[PDB]
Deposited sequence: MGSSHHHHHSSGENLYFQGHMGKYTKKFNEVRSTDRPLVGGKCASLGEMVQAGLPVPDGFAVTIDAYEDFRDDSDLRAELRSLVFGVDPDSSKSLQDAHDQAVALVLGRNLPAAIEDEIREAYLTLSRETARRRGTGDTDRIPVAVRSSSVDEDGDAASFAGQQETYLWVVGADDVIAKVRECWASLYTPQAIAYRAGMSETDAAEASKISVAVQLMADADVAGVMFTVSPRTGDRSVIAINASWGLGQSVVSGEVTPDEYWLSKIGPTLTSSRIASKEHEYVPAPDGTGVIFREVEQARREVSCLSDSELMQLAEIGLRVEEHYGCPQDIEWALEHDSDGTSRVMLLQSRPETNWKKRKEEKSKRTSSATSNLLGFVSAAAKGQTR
């Protein structure tokens, strides 16, 4: 059937009926040639056919429609019971196996691409996706945890707040507002990571690109636990105009078992070397231009770079927002 998961490369914008907003979002981006972490959507029908396999639907509705919406003890109660069922009832085999298979596919493809161990335990993020509250689990490892966290996502539909808000609506609306999708995406396993601005934070010059980069996970650069290398390009060209290479003393990497990060020392030989090649700056610079023309304002981008087993450098776009000062001023 194939009804329950869809790879990101195949999700379009016009798939909002089946994957929701966040996921059709990520779909248009890949489509616009913006390289977001690879993964798949768990489609709205995974949750839908779950609640329809037994009386589960009637009972959750009953619970939501039952509540004293001005009593907190009423919301707690309904929340508790609702969640127990959402994590508890049997998941239909067709749903479970497809989610399992989609994850194994991602893990094997990735282990091939990264040229790392094919151990079916690739770390992923799992994040909820309303059809029109964000739940996020990071560093999820193995098919069992993916299934477990996908269910947690479905359960977050039944917070005190979320219940109270649907308890109001017409049955139609609550049914439509109970639809959910789930995104399963690679955690980065960055060789180099960092941030990029398509405007100078300092001057508000919108004709330059600033990249701050360090070894391993972007966390060391985002949290200021390392002194990054700094590069400046002009957009016209693009032309590299300036670099400043630091002693990069620490990095974060994935934990071996994939469940967290670990802080460690960058060994001598790598500390004072430039962590981005001239071709990689140009890759990054080009993605910044794409990303900024897509959104239509200057960006503050968080990126990662992986070197694939064959050798090609692959840039991942992890997050992106308007650059704050440009925005503050405006």
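Original post:
Tell me, which runs of residues in the deposited sequence have no coordinates at all?
Top reply: The deposited sequence has unmodelled segments at 1-20, 153-162, 361-387.
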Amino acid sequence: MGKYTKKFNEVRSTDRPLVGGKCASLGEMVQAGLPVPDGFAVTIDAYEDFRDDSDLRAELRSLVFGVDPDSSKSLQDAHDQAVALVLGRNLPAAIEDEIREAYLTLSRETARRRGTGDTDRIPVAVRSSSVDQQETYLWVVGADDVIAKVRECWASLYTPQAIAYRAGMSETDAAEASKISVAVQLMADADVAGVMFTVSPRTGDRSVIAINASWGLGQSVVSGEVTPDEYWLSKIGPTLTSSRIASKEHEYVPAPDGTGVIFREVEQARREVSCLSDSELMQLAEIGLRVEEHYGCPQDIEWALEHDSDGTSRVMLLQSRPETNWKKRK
From here on, numbers count along this sequence of modelled residues.
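Original post:
So 139-147 or 82-90, which one's hotter by mean CA B-factor in the entry?
Top reply: The stretch with the larger mean CA B-factor is 82-90.
Subject >> Mean Cα B-factor comparison, 151-159 or 198-206, giving the higher one as deposited >> reply: So the stretch with the higher mean C-alpha B-factor is 198-206.
Subject >> Residue selected from 185, 227, 181, 134 by maximal Cα B factor >> reply: Each of 185, 227, 181, 134 was compared by C-alpha B-factor; the highest is 134.
Subject >> Selection from 277, 31, 283, 43 [criterion: highest C-alpha temperature factor in the record] >> reply: Of 277, 31, 283, 43, 31 has the highest C-alpha B-factor.
**OP:** Could you say whether, by C-alpha temperature factor, residue 67 belongs to the lowest, middle or highest third of its chain?
**Re:** It falls in the top third of the chain.
Original post:
Lowest, middle or highest third: where is residue 235 by C-alpha B factor in its chain?
Top reply: It belongs to the middle third of the chain when residues are ordered by C-alpha B-factor.
Subject >> Lowest, middle or highest third - CA B-factor, residue 37 >> reply: Its C-alpha B-factor belongs to the middle third of this chain's values.
**OP:** State the tercile, meaning the lowest, middle or highest third, of residue 293 with respect to the CA B-factors recorded for its chain.
**Re:** Ranked within chain, residue 293 CA B lands in the highest tercile.
Subject >> Modelled-residue ranking by C-alpha temperature factor, third containing residue 59 >> reply: It falls in the middle third of the chain.
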